[PDB]
>>> print(open('input.pdb').read())   # PDB, C-alpha atoms
ATOM      1  CA  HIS A   1      11.653  31.639 -14.508  1.00  0.00           C
ATOM      2  CA  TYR A   2       8.377  29.980 -15.487  1.00  0.00           C
ATOM      3  CA  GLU A   3       8.947  26.832 -13.424  1.00  0.00           C
ATOM      4  CA  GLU A   4       9.147  28.968 -10.278  1.00  0.00           C
ATOM      5  CA  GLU A   5       6.013  30.931 -11.259  1.00  0.00           C
ATOM      6  CA  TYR A   6       4.228  27.599 -11.866  1.00  0.00           C
ATOM      7  CA  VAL A   7       5.073  26.264  -8.413  1.00  0.00           C
ATOM      8  CA  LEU A   8       4.053  29.572  -6.793  1.00  0.00           C
ATOM      9  CA  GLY A   9       0.676  29.227  -8.517  1.00  0.00           C
ATOM     10  CA  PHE A  10       0.427  25.676  -7.199  1.00  0.00           C
ATOM     11  CA  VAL A  11       1.049  26.589  -3.569  1.00  0.00           C
ATOM     12  CA  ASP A  12      -1.343  29.560  -3.921  1.00  0.00           C
ATOM     13  CA  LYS A  13      -4.022  27.157  -5.180  1.00  0.00           C
ATOM     14  CA  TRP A  14      -3.434  24.635  -2.371  1.00  0.00           C
ATOM     15  CA  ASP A  15      -3.690  27.428   0.224  1.00  0.00           C
ATOM     16  CA  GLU A  16      -6.678  29.050  -1.488  1.00  0.00           C
ATOM     17  CA  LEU A  17      -8.753  25.883  -1.241  1.00  0.00           C
ATOM     18  CA  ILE A  18      -7.383  24.155   1.879  1.00  0.00           C
ATOM     19  CA  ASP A  19      -7.396  26.182   5.086  1.00  0.00           C
ATOM     20  CA  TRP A  20      -4.768  25.527   7.736  1.00  0.00           C
ATOM     21  CA  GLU A  21      -7.221  24.804  10.561  1.00  0.00           C
ATOM     22  CA  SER A  22      -8.608  21.900   8.500  1.00  0.00           C
ATOM     23  CA  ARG A  23      -5.145  20.730   7.561  1.00  0.00           C
ATOM     24  CA  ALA A  24      -3.861  20.904  11.150  1.00  0.00           C
ATOM     25  CA  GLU A  25      -6.755  18.588  12.020  1.00  0.00           C
ATOM     26  CA  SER A  26      -6.172  16.104   9.165  1.00  0.00           C
ATOM     27  CA  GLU A  27      -2.505  15.957  10.083  1.00  0.00           C
ATOM     28  CA  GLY A  28      -2.076  15.357  13.788  1.00  0.00           C
ATOM     29  CA  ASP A  29       0.141  16.909  16.404  1.00  0.00           C
ATOM     30  CA  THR A  30       2.745  14.276  15.523  1.00  0.00           C
ATOM     31  CA  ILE A  31       5.498  16.774  14.782  1.00  0.00           C
ATOM     32  CA  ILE A  32       4.778  19.047  17.758  1.00  0.00           C
ATOM     33  CA  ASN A  33       4.667  16.081  20.155  1.00  0.00           C
ATOM     34  CA  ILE A  34       7.928  14.667  18.873  1.00  0.00           C
ATOM     35  CA  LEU A  35       9.649  18.008  19.476  1.00  0.00           C
ATOM     36  CA  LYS A  36       7.935  18.540  22.832  1.00  0.00           C
ATOM     37  CA  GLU A  37       8.938  15.099  24.093  1.00  0.00           C
ATOM     38  CA  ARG A  38      12.580  15.946  23.240  1.00  0.00           C
ATOM     39  CA  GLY A  39      12.541  19.289  25.055  1.00  0.00           C
ATOM     40  CA  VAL A  40      13.207  21.093  21.779  1.00  0.00           C
ATOM     41  CA  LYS A  41      13.240  24.901  22.019  1.00  0.00           C
ATOM     42  CA  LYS A  42      15.010  26.266  18.916  1.00  0.00           C
ATOM     43  CA  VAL A  43      13.731  25.077  15.534  1.00  0.00           C
ATOM     44  CA  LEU A  44      14.938  25.791  11.991  1.00  0.00           C
ATOM     45  CA  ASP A  45      12.407  25.282   9.187  1.00  0.00           C
ATOM     46  CA  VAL A  46      14.442  24.672   6.006  1.00  0.00           C
ATOM     47  CA  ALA A  47      11.411  24.232   3.722  1.00  0.00           C
ATOM     48  CA  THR A  48       9.124  26.994   4.974  1.00  0.00           C
ATOM     49  CA  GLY A  49       7.017  27.249   1.798  1.00  0.00           C
ATOM     50  CA  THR A  50       3.908  29.335   2.493  1.00  0.00           C
ATOM     51  CA  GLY A  51       4.589  28.690   6.178  1.00  0.00           C
ATOM     52  CA  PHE A  52       2.191  25.999   7.440  1.00  0.00           C
ATOM     53  CA  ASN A  53       4.680  24.029   9.532  1.00  0.00           C
ATOM     54  CA  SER A  54       6.511  27.147  10.772  1.00  0.00           C
ATOM     55  CA  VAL A  55       3.260  28.763  11.917  1.00  0.00           C
ATOM     56  CA  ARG A  56       2.086  25.571  13.639  1.00  0.00           C
ATOM     57  CA  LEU A  57       5.381  25.537  15.564  1.00  0.00           C
ATOM     58  CA  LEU A  58       5.177  29.255  16.378  1.00  0.00           C
ATOM     59  CA  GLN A  59       1.643  28.661  17.715  1.00  0.00           C
ATOM     60  CA  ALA A  60       2.984  25.830  19.882  1.00  0.00           C
ATOM     61  CA  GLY A  61       5.499  28.244  21.415  1.00  0.00           C
ATOM     62  CA  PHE A  62       8.718  27.117  19.724  1.00  0.00           C
ATOM     63  CA  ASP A  63      11.465  29.554  18.826  1.00  0.00           C
ATOM     64  CA  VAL A  64      11.427  29.255  15.033  1.00  0.00           C
ATOM     65  CA  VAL A  65      13.665  30.483  12.233  1.00  0.00           C
ATOM     66  CA  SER A  66      11.964  30.097   8.855  1.00  0.00           C
ATOM     67  CA  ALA A  67      14.223  29.495   5.860  1.00  0.00           C
ATOM     68  CA  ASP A  68      13.462  28.839   2.203  1.00  0.00           C
ATOM     69  CA  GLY A  69      15.264  29.147  -1.126  1.00  0.00           C
ATOM     70  CA  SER A  70      12.453  31.337  -2.485  1.00  0.00           C
ATOM     71  CA  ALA A  71      11.980  34.970  -1.465  1.00  0.00           C
ATOM     72  CA  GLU A  72       8.430  34.912  -2.882  1.00  0.00           C
ATOM     73  CA  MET A  73       7.595  31.901  -0.670  1.00  0.00           C
ATOM     74  CA  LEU A  74       8.949  33.690   2.391  1.00  0.00           C
ATOM     75  CA  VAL A  75       6.836  36.780   1.691  1.00  0.00           C
ATOM     76  CA  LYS A  76       3.738  34.562   1.607  1.00  0.00           C
ATOM     77  CA  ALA A  77       4.852  32.786   4.770  1.00  0.00           C
ATOM     78  CA  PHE A  78       5.598  35.987   6.697  1.00  0.00           C
ATOM     79  CA  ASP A  79       2.224  37.490   5.863  1.00  0.00           C
ATOM     80  CA  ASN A  80       0.412  34.251   6.756  1.00  0.00           C
ATOM     81  CA  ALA A  81       2.186  34.215  10.133  1.00  0.00           C
ATOM     82  CA  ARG A  82       1.170  37.854  10.529  1.00  0.00           C
ATOM     83  CA  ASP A  83      -2.440  36.923   9.779  1.00  0.00           C
ATOM     84  CA  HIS A  84      -2.253  34.362  12.592  1.00  0.00           C
ATOM     85  CA  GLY A  85      -0.858  36.901  15.049  1.00  0.00           C
ATOM     86  CA  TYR A  86       2.822  35.883  14.907  1.00  0.00           C
ATOM     87  CA  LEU A  87       6.087  37.511  13.805  1.00  0.00           C
ATOM     88  CA  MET A  88       7.992  35.115  11.556  1.00  0.00           C
ATOM     89  CA  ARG A  89      11.780  35.295  11.281  1.00  0.00           C
ATOM     90  CA  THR A  90      12.455  34.647   7.576  1.00  0.00           C
ATOM     91  CA  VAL A  91      15.838  33.940   5.968  1.00  0.00           C
ATOM     92  CA  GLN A  92      16.408  33.249   2.283  1.00  0.00           C
ATOM     93  CA  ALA A  93      18.874  30.378   2.059  1.00  0.00           C
ATOM     94  CA  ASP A  94      20.167  27.703  -0.271  1.00  0.00           C
ATOM     95  CA  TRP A  95      20.395  24.098   0.990  1.00  0.00           C
ATOM     96  CA  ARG A  96      23.922  23.874  -0.485  1.00  0.00           C
ATOM     97  CA  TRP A  97      25.173  26.672   1.779  1.00  0.00           C
ATOM     98  CA  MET A  98      22.827  26.914   4.733  1.00  0.00           C
ATOM     99  CA  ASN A  99      25.186  28.667   7.129  1.00  0.00           C
ATOM    100  CA  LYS A 100      25.897  31.538   4.742  1.00  0.00           C
ATOM    101  CA  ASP A 101      23.241  33.620   6.509  1.00  0.00           C
ATOM    102  CA  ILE A 102      22.249  31.368   9.407  1.00  0.00           C
ATOM    103  CA  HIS A 103      24.718  31.679  12.257  1.00  0.00           C
ATOM    104  CA  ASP A 104      22.940  29.845  15.059  1.00  0.00           C
ATOM    105  CA  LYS A 105      22.647  26.165  15.985  1.00  0.00           C
ATOM    106  CA  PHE A 106      19.312  24.439  16.550  1.00  0.00           C
ATOM    107  CA  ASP A 107      17.664  21.730  18.681  1.00  0.00           C
ATOM    108  CA  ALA A 108      15.667  20.623  15.674  1.00  0.00           C
ATOM    109  CA  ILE A 109      15.376  21.088  11.941  1.00  0.00           C
ATOM    110  CA  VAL A 110      12.156  20.412  10.051  1.00  0.00           C
ATOM    111  CA  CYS A 111      12.172  19.631   6.335  1.00  0.00           C
ATOM    112  CA  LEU A 112       8.506  18.875   5.752  1.00  0.00           C
ATOM    113  CA  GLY A 113       5.857  19.078   3.041  1.00  0.00           C
ATOM    114  CA  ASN A 114       7.613  16.497   0.848  1.00  0.00           C
ATOM    115  CA  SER A 115      10.277  18.999  -0.194  1.00  0.00           C
ATOM    116  CA  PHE A 116      13.477  16.881  -0.136  1.00  0.00           C
ATOM    117  CA  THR A 117      12.102  14.881  -3.119  1.00  0.00           C
ATOM    118  CA  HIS A 118      12.565  17.892  -5.333  1.00  0.00           C
ATOM    119  CA  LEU A 119      16.329  17.239  -5.657  1.00  0.00           C
ATOM    120  CA  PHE A 120      17.230  15.124  -8.707  1.00  0.00           C
ATOM    121  CA  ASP A 121      21.010  15.013  -8.094  1.00  0.00           C
ATOM    122  CA  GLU A 122      22.489  12.708  -5.434  1.00  0.00           C
ATOM    123  CA  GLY A 123      25.398  15.061  -4.768  1.00  0.00           C
ATOM    124  CA  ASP A 124      22.845  17.762  -3.961  1.00  0.00           C
ATOM    125  CA  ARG A 125      21.023  15.375  -1.589  1.00  0.00           C
ATOM    126  CA  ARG A 126      24.159  14.623   0.391  1.00  0.00           C
ATOM    127  CA  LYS A 127      25.166  18.268   0.442  1.00  0.00           C
ATOM    128  CA  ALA A 128      21.774  19.370   1.781  1.00  0.00           C
ATOM    129  CA  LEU A 129      21.681  16.739   4.520  1.00  0.00           C
ATOM    130  CA  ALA A 130      25.269  17.576   5.481  1.00  0.00           C
ATOM    131  CA  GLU A 131      24.292  21.248   5.746  1.00  0.00           C
ATOM    132  CA  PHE A 132      21.315  20.373   7.978  1.00  0.00           C
ATOM    133  CA  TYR A 133      23.521  18.111  10.068  1.00  0.00           C
ATOM    134  CA  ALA A 134      26.024  20.924  10.634  1.00  0.00           C
ATOM    135  CA  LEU A 135      23.321  23.335  11.853  1.00  0.00           C
ATOM    136  CA  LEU A 136      22.114  20.991  14.606  1.00  0.00           C
ATOM    137  CA  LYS A 137      23.350  21.098  18.185  1.00  0.00           C
ATOM    138  CA  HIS A 138      25.096  17.965  19.433  1.00  0.00           C
ATOM    139  CA  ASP A 139      21.830  16.423  20.644  1.00  0.00           C
ATOM    140  CA  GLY A 140      19.757  17.772  17.741  1.00  0.00           C
ATOM    141  CA  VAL A 141      17.200  16.076  15.528  1.00  0.00           C
ATOM    142  CA  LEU A 142      16.162  16.322  11.880  1.00  0.00           C
ATOM    143  CA  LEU A 143      12.528  15.719  10.924  1.00  0.00           C
ATOM    144  CA  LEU A 144      12.221  15.055   7.187  1.00  0.00           C
ATOM    145  CA  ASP A 145       9.194  13.708   5.369  1.00  0.00           C
ATOM    146  CA  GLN A 146       8.413  12.293   1.940  1.00  0.00           C
ATOM    147  CA  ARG A 147       5.674  10.632  -0.064  1.00  0.00           C
ATOM    148  CA  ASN A 148       5.677   6.840  -0.058  1.00  0.00           C
ATOM    149  CA  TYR A 149       7.220   6.105  -3.462  1.00  0.00           C
ATOM    150  CA  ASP A 150       7.856   2.449  -2.661  1.00  0.00           C
ATOM    151  CA  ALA A 151       4.152   1.670  -3.010  1.00  0.00           C
ATOM    152  CA  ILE A 152       4.110   3.380  -6.404  1.00  0.00           C
ATOM    153  CA  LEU A 153       7.399   1.967  -7.756  1.00  0.00           C
ATOM    154  CA  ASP A 154       6.530  -1.646  -6.919  1.00  0.00           C
ATOM    155  CA  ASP A 155       2.962  -1.743  -8.286  1.00  0.00           C
ATOM    156  CA  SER A 156      -2.603  -0.707 -10.141  1.00  0.00           C
ATOM    157  CA  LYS A 157      -2.086   3.050  -9.689  1.00  0.00           C
ATOM    158  CA  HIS A 158      -4.735   5.422  -8.331  1.00  0.00           C
ATOM    159  CA  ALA A 159      -5.305   8.930  -6.959  1.00  0.00           C
ATOM    160  CA  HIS A 160      -4.822  10.039  -3.357  1.00  0.00           C
ATOM    161  CA  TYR A 161      -7.133  12.740  -1.998  1.00  0.00           C
ATOM    162  CA  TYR A 162      -6.461  15.498   0.551  1.00  0.00           C
ATOM    163  CA  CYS A 163      -8.825  17.630   2.629  1.00  0.00           C
ATOM    164  CA  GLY A 164     -11.896  15.600   1.743  1.00  0.00           C
ATOM    165  CA  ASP A 165     -11.999  15.614  -2.068  1.00  0.00           C
ATOM    166  CA  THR A 166     -10.518  19.112  -2.449  1.00  0.00           C
ATOM    167  CA  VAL A 167      -7.468  17.839  -4.334  1.00  0.00           C
ATOM    168  CA  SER A 168      -6.555  14.550  -5.998  1.00  0.00           C
ATOM    169  CA  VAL A 169      -2.936  13.503  -6.518  1.00  0.00           C
ATOM    170  CA  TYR A 170      -2.216  10.972  -9.255  1.00  0.00           C
ATOM    171  CA  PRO A 171       1.113   9.450 -10.362  1.00  0.00           C
ATOM    172  CA  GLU A 172       0.894  10.124 -14.116  1.00  0.00           C
ATOM    173  CA  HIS A 173       4.334   8.798 -14.815  1.00  0.00           C
ATOM    174  CA  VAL A 174       6.680   6.843 -12.586  1.00  0.00           C
ATOM    175  CA  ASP A 175      10.092   5.333 -13.199  1.00  0.00           C
ATOM    176  CA  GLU A 176      13.112   4.808 -10.917  1.00  0.00           C
ATOM    177  CA  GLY A 177      14.376   8.332 -11.584  1.00  0.00           C
ATOM    178  CA  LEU A 178      11.180  10.374 -11.867  1.00  0.00           C
ATOM    179  CA  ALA A 179       7.577  10.645 -10.723  1.00  0.00           C
ATOM    180  CA  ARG A 180       5.286  13.220 -12.329  1.00  0.00           C
ATOM    181  CA  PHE A 181       2.136  13.835 -10.307  1.00  0.00           C
ATOM    182  CA  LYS A 182      -1.117  15.324 -11.569  1.00  0.00           C
ATOM    183  CA  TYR A 183      -2.742  17.532  -8.917  1.00  0.00           C
ATOM    184  CA  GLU A 184      -6.416  18.176  -9.692  1.00  0.00           C
ATOM    185  CA  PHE A 185      -8.330  20.623  -7.514  1.00  0.00           C
ATOM    186  CA  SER A 186     -12.062  20.859  -6.864  1.00  0.00           C
ATOM    187  CA  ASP A 187     -12.273  24.138  -8.795  1.00  0.00           C
ATOM    188  CA  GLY A 188     -10.898  22.403 -11.894  1.00  0.00           C
ATOM    189  CA  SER A 189      -7.312  23.663 -11.586  1.00  0.00           C
ATOM    190  CA  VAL A 190      -4.631  21.188 -12.662  1.00  0.00           C
ATOM    191  CA  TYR A 191      -0.910  21.264 -11.867  1.00  0.00           C
ATOM    192  CA  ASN A 192       1.702  18.691 -12.913  1.00  0.00           C
ATOM    193  CA  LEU A 193       4.870  18.496 -10.815  1.00  0.00           C
ATOM    194  CA  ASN A 194       8.049  16.405 -11.080  1.00  0.00           C
ATOM    195  CA  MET A 195       9.875  14.910  -8.123  1.00  0.00           C
ATOM    196  CA  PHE A 196      12.432  12.249  -7.413  1.00  0.00           C
ATOM    197  CA  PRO A 197      10.803   9.030  -6.188  1.00  0.00           C
ATOM    198  CA  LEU A 198      12.956   8.407  -3.074  1.00  0.00           C
ATOM    199  CA  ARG A 199      12.757   4.841  -1.806  1.00  0.00           C
ATOM    200  CA  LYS A 200      12.271   4.800   1.980  1.00  0.00           C
ATOM    201  CA  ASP A 201      15.464   2.832   2.618  1.00  0.00           C
ATOM    202  CA  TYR A 202      17.420   5.072   0.223  1.00  0.00           C
ATOM    203  CA  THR A 203      16.562   8.180   2.248  1.00  0.00           C
ATOM    204  CA  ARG A 204      17.521   6.333   5.456  1.00  0.00           C
ATOM    205  CA  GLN A 205      20.801   5.293   3.822  1.00  0.00           C
ATOM    206  CA  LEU A 206      21.633   8.905   2.888  1.00  0.00           C
ATOM    207  CA  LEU A 207      20.861  10.102   6.401  1.00  0.00           C
ATOM    208  CA  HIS A 208      23.090   7.420   7.906  1.00  0.00           C
ATOM    209  CA  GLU A 209      25.858   8.104   5.365  1.00  0.00           C
ATOM    210  CA  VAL A 210      26.196  11.813   6.230  1.00  0.00           C
ATOM    211  CA  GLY A 211      26.540  11.030   9.941  1.00  0.00           C
ATOM    212  CA  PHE A 212      23.111  10.768  11.600  1.00  0.00           C
ATOM    213  CA  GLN A 213      23.311   8.196  14.388  1.00  0.00           C
ATOM    214  CA  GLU A 214      19.821   6.751  14.734  1.00  0.00           C
ATOM    215  CA  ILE A 215      16.903   7.074  12.334  1.00  0.00           C
ATOM    216  CA  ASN A 216      13.337   6.067  13.042  1.00  0.00           C
ATOM    217  CA  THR A 217      10.946   6.196  10.101  1.00  0.00           C
ATOM    218  CA  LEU A 218       7.218   6.528  10.850  1.00  0.00           C
ATOM    219  CA  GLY A 219       4.271   5.856   8.569  1.00  0.00           C
ATOM    220  CA  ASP A 220       2.273   9.043   8.145  1.00  0.00           C
ATOM    221  CA  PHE A 221      -1.315   8.652   6.970  1.00  0.00           C
ATOM    222  CA  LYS A 222      -2.400  12.007   5.528  1.00  0.00           C
ATOM    223  CA  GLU A 223      -4.813  11.129   2.706  1.00  0.00           C
ATOM    224  CA  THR A 224      -8.623  11.091   2.880  1.00  0.00           C
ATOM    225  CA  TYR A 225      -9.146   7.445   1.935  1.00  0.00           C
ATOM    226  CA  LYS A 226      -6.702   5.412   3.990  1.00  0.00           C
ATOM    227  CA  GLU A 227      -4.916   2.325   2.662  1.00  0.00           C
ATOM    228  CA  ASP A 228      -2.811  -0.320   4.377  1.00  0.00           C
ATOM    229  CA  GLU A 229       0.287   1.591   3.238  1.00  0.00           C
ATOM    230  CA  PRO A 230       0.848   5.176   4.426  1.00  0.00           C
ATOM    231  CA  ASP A 231       0.972   7.860   1.756  1.00  0.00           C
ATOM    232  CA  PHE A 232       3.849   9.603   3.566  1.00  0.00           C
ATOM    233  CA  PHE A 233       6.871   8.648   5.676  1.00  0.00           C
ATOM    234  CA  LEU A 234       8.374  10.774   8.418  1.00  0.00           C
ATOM    235  CA  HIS A 235      12.064  10.242   9.185  1.00  0.00           C
ATOM    236  CA  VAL A 236      13.215  11.195  12.667  1.00  0.00           C
ATOM    237  CA  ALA A 237      16.991  11.420  12.441  1.00  0.00           C
ATOM    238  CA  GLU A 238      19.053  11.989  15.562  1.00  0.00           C
ATOM    239  CA  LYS A 239      22.415  13.682  15.156  1.00  0.00           C
ATOM    240  CA  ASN A 240      23.887  11.658  18.032  1.00  0.00           C
TER
END
>>> encode(input="input.pdb", output="structure tokens")
Amino acid sequence: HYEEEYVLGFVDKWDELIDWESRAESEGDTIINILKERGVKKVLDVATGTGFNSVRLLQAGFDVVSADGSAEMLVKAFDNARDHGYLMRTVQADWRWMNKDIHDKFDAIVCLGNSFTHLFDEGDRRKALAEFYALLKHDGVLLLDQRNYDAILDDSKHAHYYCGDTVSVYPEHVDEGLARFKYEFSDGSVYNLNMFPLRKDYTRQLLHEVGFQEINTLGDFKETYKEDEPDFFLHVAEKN
């Protein structure tokens, strides 16, 4: 109940203070170019959230199906797409049973916005990746991103900023099984969120173990004040 309300408040706050035009500039066209270079046409977003990545792909002319576990997220995402002049195709769906209400196969799946880290059970991780794998066409690709937890687990901790100084993100607590981040916004709002601190090679291992053939992991520098280490990684996992 309340945990879901809390996260909905968090994404509302992020979107209230950080517009998508700005964000689409901070982030590059990395994702779009990867899909374009592969001749991708049909895309499934499995972590739609308030819709940023789905709308970016709709704008770029991809055929997109936008899934999420949360109906409240999908309402936000549909109306945001609407506001940008696009009709979103939303589907509420659980990562443990993705083909319950999705009956198509896709050229690409995107699982972006550091959403995979929210699973704390390994069985759930494998199950989700296996569900994604099954929804891809033979020559399909999975794009899945995450924060760089290796930097945090092996060190001397400090905040990362996004969209100028609009929000700071600070690892309040970190151990091998949990990272709690403090998100502090420019208007004074504070949110604290838990996630599982996936090591880069652990995610790659899981992808390989469920049947993905080749995985290339890219450093993704999203934060305002760049460091030698990227604050995000982007895994590009090819089904075959």
>>> axis_aligned_box(input="input.pdb", around="range 46-61 of chain A", padding_each_side="5 Å", output="lines of an AutoDock Vina configuration file")
center_x = 8.0
center_y = 26.7
center_z = 11.6
size_x = 22.8
size_y = 15.3
size_z = 29.6
>>> residues_around(input="input.pdb", residues="residue 237 in chain A", least_positions_apart="3", cutoff="12 Å", atoms="all atoms listed in the file", output="MDAnalysis selection string")
chainID A and resid 34 108:111 129 132:133 136 139:145 203:218 234 240
>>> residues_near_point(input="input.pdb", point="(14.7, 32.3, 1.8)", cutoff="7 Å", atoms="only C-alpha atoms", output="list in words")
residues 67, 68, 69, 70, 71, 74, 90, 91, 92 and 93 of chain A
>>> closest_residue(input="input.pdb", among="A:170, A:78, A:97, A:232", to="residue 156 in chain A", atoms="all atoms listed in the file")
A:170
>>> atom_distance(input="input.pdb", atom1="CA of residue 128 in chain A", atom2="CA of residue 149 in chain A")
20.4 Å
>>> atom_distance(input="input.pdb", atom1="CA of residue 182 in chain A", atom2="CA of residue 7 in chain A")
13.0 Å
>>> closest_residue(input="input.pdb", among="A:188, A:164, A:219, A:85", to="residue 235 in chain A", atoms="all atoms listed in the file")
A:219
>>> resolve_selection(input="input.pdb", expression="the PyMOL selection byres ((chain A and resi 161) around 12)", output="PyMOL selection string")
chain A and resi 26+158-160+162-170+182-186+221-227+231
>>> closest_residue(input="input.pdb", among="A:19, A:63, A:187, A:155", to="residue 106 in chain A", atoms="only C-alpha atoms")
A:63
>>> atom_distance(input="input.pdb", atom1="CA of residue 148 in chain A", atom2="CA of residue 197 in chain A")
8.3 Å
>>> residues_around(input="input.pdb", residues="residue 57 in chain A", least_positions_apart="3", cutoff="12 Å", atoms="only C-alpha atoms", output="ChimeraX atom specification")
/A:24,29-36,40-45,48,51-54,60-66,81,86,88,108-110
